Amino acid sequence: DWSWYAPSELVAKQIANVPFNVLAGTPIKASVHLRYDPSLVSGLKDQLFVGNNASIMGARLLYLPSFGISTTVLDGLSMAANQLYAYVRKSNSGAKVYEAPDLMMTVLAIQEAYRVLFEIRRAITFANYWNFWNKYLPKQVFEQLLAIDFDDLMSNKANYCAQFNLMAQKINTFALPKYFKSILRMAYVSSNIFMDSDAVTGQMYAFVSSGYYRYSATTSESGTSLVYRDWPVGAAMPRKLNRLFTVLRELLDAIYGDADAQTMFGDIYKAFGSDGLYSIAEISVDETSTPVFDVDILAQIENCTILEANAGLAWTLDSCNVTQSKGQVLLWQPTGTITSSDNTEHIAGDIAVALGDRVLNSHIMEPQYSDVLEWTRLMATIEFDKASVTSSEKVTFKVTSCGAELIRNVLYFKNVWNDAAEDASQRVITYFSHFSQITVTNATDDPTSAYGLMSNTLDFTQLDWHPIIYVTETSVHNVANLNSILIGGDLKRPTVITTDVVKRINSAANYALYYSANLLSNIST
Amino acid sequence: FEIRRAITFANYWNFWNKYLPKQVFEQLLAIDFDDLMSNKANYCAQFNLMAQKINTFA
Amino acid sequence: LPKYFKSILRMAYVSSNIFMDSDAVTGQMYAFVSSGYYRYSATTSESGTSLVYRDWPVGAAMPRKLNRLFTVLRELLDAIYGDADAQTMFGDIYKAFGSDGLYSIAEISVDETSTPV
C-alpha cells in the first residue's frame, strides 16, 4: 500500500514521478562504485563502472523443419502418406501411376515451399510496425532475429510487396490440401514474432528456418525425394529478400519439373475441389502485423530442447533429406557430429553433451492434459551412437525423436553503446551471445577453457521464459559427494519426462499433424 | 497499351494452365517475365504516370 | 518532436508546395529549395552537442536523384539516435507531452496528388 509512504497527495506526485526515459535499445546507464588497491590488480582505470548495455532485444530460434523422426513402414509419416493416397485414388478410375510415397513426397514439397513464402510475408508485414519505445524494432530486429537485410528491403519494398502477391497467386494454384493440420502450425510459427510480456519494451523471440527443401526425382535411385540445403545462416551474412525469392522460384519450378508430380496435382483437384486446397492470402495496402503475446508459445520455448546443447563446441548435421525405399516407406532422420572448437576434425579433451530424462515446467498450478500436449513438442531427444570414444574420433549422433520444429541453436542480442565515435556507424554495435542449454559449474563465456563448454553471458535472464538451463556439477562441487545436475529457469510447477516417454509423445503428436483418415468415413465434392 | 496488357495479365493464374502466368509472356507477347515479376510495382506506377502524360496529348 | 512548435508549420508549408504567380496554370511558378541540411554530432566541437551544415551539392551542378536524398535522411536520423543522451531526452519528452503532444507527418495515399497553389 503506497498510501503509507505518502505524506501528501502532492509531495508524492512530486518526487516519485521518476522518468522511464530509457527506450529499449538505449543503454542502461547503471553504475557500480568500487574500491581496490591499484597495486594488486592487473590494470583497471577508474573506480566507477558506468553501464553501457541495452536491455536484450530478443532471441533467434534457428530451427530445422521437421516431419517427425521416421524410419519405419509404421513411423506415422508413412502411415499418413498411405492414408492420404487412399483418399485420392479412392474414387479415381485411372491406373496405378505412382505409389503412396511418390504422392506424399510432392505434397510436402509444396508445404515446405510455403514455409519460405510465409517467412517472406512476415518480413514484409512487420516492416510497418514501429513503436516509439523500442528503437530495436523496425531495423535491428530484422537483421538479427530474422536475418533479413533491412536496408535492402526498405529500398525496394513496393517491388517485393507486389512480387509476394504474385507468388501467392502462383502457390494457390499448387495442389496442397487445406486440411493438413501441420500447415496451420508452420504458418503460425513463421508468420509472427512473440513477446515475452504484454509490454512492448520487453524482449521477444522469433522462429527462423535453418534451411529449405527442394524436390528432385534425379537425386536418389530409389525415387523422388526432398533434399535439404542449409540456409547460409549461422551468423554469417544477414541475407536480403532478393535471394529469398530466387530460392522459392527454384523450389516451385522444381516441383513443376516432374511430369509425374503434375499428373498428381490433377488427381488431387479431382478428389478435393476448388476449395479443398490451401490458400495463402495476399497483402493489402495497409496491412501491418503485430508482435503477439502467446503464452502457449513461450511455454513451448521454456520447455524445448536445443540440439546444439552448448555453443562451446562445433556441430554438424547431414542426411537431412527425405527418401523412400521399396515404394511404400518414407525416410528422414538427421544425423550430426560433435567436435572441439580447435580441431574441427577431432574431439580431443572436450566433452560431448545431450540431455535425456528432462524437466517440464508449467506456469499454471493445475496443468491439464491439453496444456501438456501443446507445451511439449519443441523438445527433442538426441542419442549417441557408440558407447565410448577416443580423442582421435568424432562423437557421432542420431535424433531419436522431436517435434515439428526442432530447435538447432539459439542466440540473443543486445546493443552496446560507444560515446567516443571513431566513426558514426560504429557507435552502436549490435552483439550476440550464444545460449547453451547444457553447461558446467564454473564455466566462462570464453570458448577458451572449461572442457570446451561455455557458460552463459548472465544477461540472458532478461528473457522471462527462457529454456531450462541444465548445469552439471562434479561430485566435488556437490554437497553430497555424488555428482548431479542443477536446474535453471523460472520454475513454478515442474515435473520430469523420460527419454522414452518423450519419444512416445512426438511419435504420436507428429502423426496427429498429418492425420487424414477422419475424411474417410464421410465423402466431399 | 501492349504495356498495360503486360502488367494486367501478370495477375491471371489458373490451376489448369501452367503455361499462363510465365511461358505465355515469354513466347506469345515476347516480354521478360522473370524481369517483370522482380519489378512490377515500379512498372505499374510508371504506367499510371505515363497514362497521365499521354492523356495530355491532343 | 513536439507538435506545438509554430516554426514547423512554416517549414512544412514552404517545402511542401509550389506557388503560382497567377490563378492561371500557364503562368510561371516559384519553388523553395533547401541549399543543404543539418546533422547532429556530439563529437564535432568540444563545447558539446551541435548541428553541422553540409552543403547540398546544389548550385546548378548535377540535378540530384531521390536515391541520394533518402540515404542522407537515414544518416540524419541514425545520427540523432547515436547519442545515448539524446534518447534519454526523447524519453523525458513523451513523459511531458504525450502520445499526441508530438508532431506527425502523414503517409501518402494511392491517389494522392497535390496541386500548385
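The rules behind each value
Residues numbered from 1 in each chain as written, not as in the entry; some residues may be left out. Chains lettered and ligands numbered in written order. Part of a larger assembly, values for the part shown. Heavy atoms only, no water. Helix = DSSP H or I, 4+ residues; strand = E, 2+ residues; numbered from the N terminus. Rg over C-alpha atoms; globule rule 2.2 N^0.38 Å. Buried < 20%, exposed > 50% of the residue type's maximum accessible area, 1.4 Å probe, protein only. Areas by Shrake-Rupley, 256 points an atom, 1.4 Å probe, with all protein chains shown as cover. Contact = heavy atoms within 4.5 Å. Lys, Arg positive; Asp, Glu negative; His and termini not counted. Charge placed at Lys NZ, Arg CZ, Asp CG, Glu CD. Pairing = 2+ DSSP bridges. Axes fitted to C-alpha atoms, helices over the stretch in contact; angles between N-to-C directions. Buried area = accessible area lost by both parts, 1.4 Å probe. Salt bridge = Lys/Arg side-chain N within 4 Å of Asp/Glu carboxyl O. Polar contact = N/O pair within 3.5 Å; in protein donor to acceptor, adjacent residues only side chain to side chain. Nonpolar A, V, L, I, M, F, W, Y, C, P; charged D, E, K, R; others polar. Domains from an automatic or database assignment. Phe/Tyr/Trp six-rings, centres within 6.5 Å; stacked < 30°, edge-to-face > 60°.

Chain B goes by CAPSID PROTEIN in the PDB entry, where it is assigned to Rabbit picobirnavirus.

If you look chain A up in the PDB entry, it shows as CAPSID PROTEIN from Rabbit picobirnavirus.

Chemist: Could you clarify how one ought to interpret the overall build of chain B in this entry?
Modeler: When you go through chain B residue by residue, the secondary structure sums to four helices and zero strands. Going from N to C terminus, chain B has its helices and strands arranged as α-α-α-α. Against the 2.2 N^0.38 benchmark of 10 Å for 58 residues, chain B shows a C-alpha radius of gyration of 13 Å, more extended than a compact globule. Taking all 58 residues of chain B together, 28% fall into the buried category. When the accessible surface of chain B is summed, it comes to about 4400 Å², and 58% of that surface belongs to carbon and sulfur atoms.

Chemist: Looking at this model, I keep getting lost on the overall build of chain A. Mind explaining?
Modeler: Along chain A, the regular secondary structure elements total 12 helices and 20 strands. Rg of the C-alpha trace for chain A: 26 Å, near the compact-globule value of 24 Å for 525 residues, within the 12% margin. Counting only C-alpha atoms and orienting by the principal axes, one finds that chain A spans roughly 90 × 60 × 50 Å. When burial is assessed residue by residue, chain A has 51% of its 525 residues classed as buried. Put simply, 74% of the contacts in chain A that link residues at least 6 apart link residues at least 24 apart. Of the side-chain charges in chain A, 38 are positive and 52 negative, and the distance between the mean point of each set is 5 Å.

Chemist: How should I be thinking about the sheet that holds strand β19 (residues 484-488) of chain A in this particular structure?
Modeler: The strands making up a sheet associate through backbone hydrogen bonding, with each pair oriented either parallel or antiparallel. Residues and elements named next belong to chain A. Strand order in the open sheet formed by three strands is β17-β18-β19, with mixed pairing between adjacent strands. Of all strands in the sheet, those with a lone pairing partner are β17 (438-440) and β19, marking the two edges. Each strand axis lies, on average, 30 degrees off the axis of its neighbour in the sheet, ignoring direction. Pairing analysis gives five bridges linking strand β18 (residues 469-473) to β19, with the strands arranged antiparallel. In the sheet register, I469 faces β19, and the bridge partner there is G488.

Chemist: Looking at this structure, I do not really get the interface of chain C and chain A. What am I missing?
Modeler: A common way to report how large an interface is uses the accessible area buried once the components associate. Taken together, the 16 residues of chain C in the interface contact 22 residues of chain A. Summing both sides of the interface, chain C and chain A together bury roughly 1600 Å²; the carbon and sulfur share of this comes to 64%. Of all residues in chain C, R74, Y81 and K95 of chain C bury the most surface against chain A, accounting for 32% of the area lost on that side. Here chain C and chain A share two salt bridges between them. Between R74 of chain C and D151 of chain A there is a salt bridge whose closest N-O contact spans 3.9 Å. Counting across the interface, chain C meets chain A through four residue pairs in polar contact. Of all the secondary structure elements, the ones that give two or more residues to the side of chain C that touches chain A are α2 (66-81) and α3 (84-97) of chain C. In terms of residues, the side of chain C that touches chain A owes the most to one element, α3 of chain C, which gives nine residues. Here the side of chain C that touches chain A is built from residues that sort into five nonpolar, five polar and six charged.

Chemist: How should I be thinking about the side chain of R121 of chain A in this particular structure?
Modeler: Position of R121 of chain A relative to the elements: it lies in helix α3 (residues 100-125). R121 of chain A gets classed as buried once you look at its relative accessible area, which sits at 17%.

Chemist: Quick question: what am I supposed to make of the sheet that holds strand β14 (residues 396-401) of chain A here?
Modeler: All names here are of chain A. Taken in spatial order, the four strands of this open sheet run β8-β11-β14-β13, and their pairing is antiparallel. A single partner strand is all that each edge strand has here, and the edge strands are β8 (313-315) and β13 (381-384). Each adjacent strand pair in this sheet contributes to an overall mean axis angle of 35 degrees, direction not counted. On top of the sheet, helix α12 (residues 499-513) reaches β13 and β14; it is set at about 125 degrees to β13, its chief contact.

Chemist: I'm lost on the domain arrangement of chain A in this one. Help?
Modeler: All names here are of chain A. When the domains of chain A are assigned, the result is domain 1 (1-24), domain 2 (25-55 + 414-430), domain 3 (56-93 + 193-232 + 291-413 + 431-525) and domain 4 (94-192 + 233-290). Each of domain 2 and domain 3 has a C-alpha centre, and the two are 37 Å apart. Contacts between the two partners involve five residues from domain 2, matched on the other side by 10 residues from domain 3. For the pair domain 2 and domain 3, the summed buried area comes to about 570 Å², and 45% of that belongs to carbon and sulfur atoms. Between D459 and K414 there is a salt bridge, and its shortest N-O distance comes to 3.0 Å. Inspection of the region where domain 2 meets domain 3 yields five residue pairs in polar contact. Considered class by class, the residues forming the side of domain 2 that touches domain 3 number two nonpolar, two polar and one charged.

Chemist: Can you walk me through the interface of chain B and chain A in this structure?
Modeler: The partner chain A presents 17 residues to the 15 residues of chain B that form the contact. For the pair chain B and chain A, the two sides together bury roughly 1600 Å², of which 65% comes from carbon and sulfur. Three residues, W13, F15 and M37 of chain B, lead the burial of chain B against chain A; their summed loss comes to 42% of the area buried on that side. On inspection of chain B and its partner chain A, the count reaches one salt bridge. Residue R249 of chain A is joined to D34 of chain B by a salt bridge in which the shortest nitrogen-to-oxygen separation is 3.9 Å. If you look at where chain B meets chain A, you find two residue pairs in polar contact. Those elements giving two or more residues to the side of chain B that touches chain A turn out to be α2 (20-29), α3 (33-38) and α4 (40-54) of chain B.

Chemist: In this structure, what is going on with the packing of aromatic side chains? I would like to understand it.
Modeler: Given two aromatic rings, their pairing is described by the distance between the two centres and the angle made by the two planes. Residues and elements named next belong to chain A. One pass over the structure, following the stated rule, counts 37 aromatic pairs over all chains. Geometrically, the ring pair formed by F180 and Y514 is edge-to-face, given 5.8 Å between the ring centres and 65 degrees between the ring planes. Of this pair, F180 sits in the loop between α6 (157-171) and α7 (181-189) while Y514 sits in the segment after α12, and the two are 334 residues apart along the sequence. Taking the relative accessible area as the measure of exposure, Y514 reaches 4% and is therefore buried. Ring-pair connections join several aromatic residues into one group, and the members of that group are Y87, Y179, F180, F272 and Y514.

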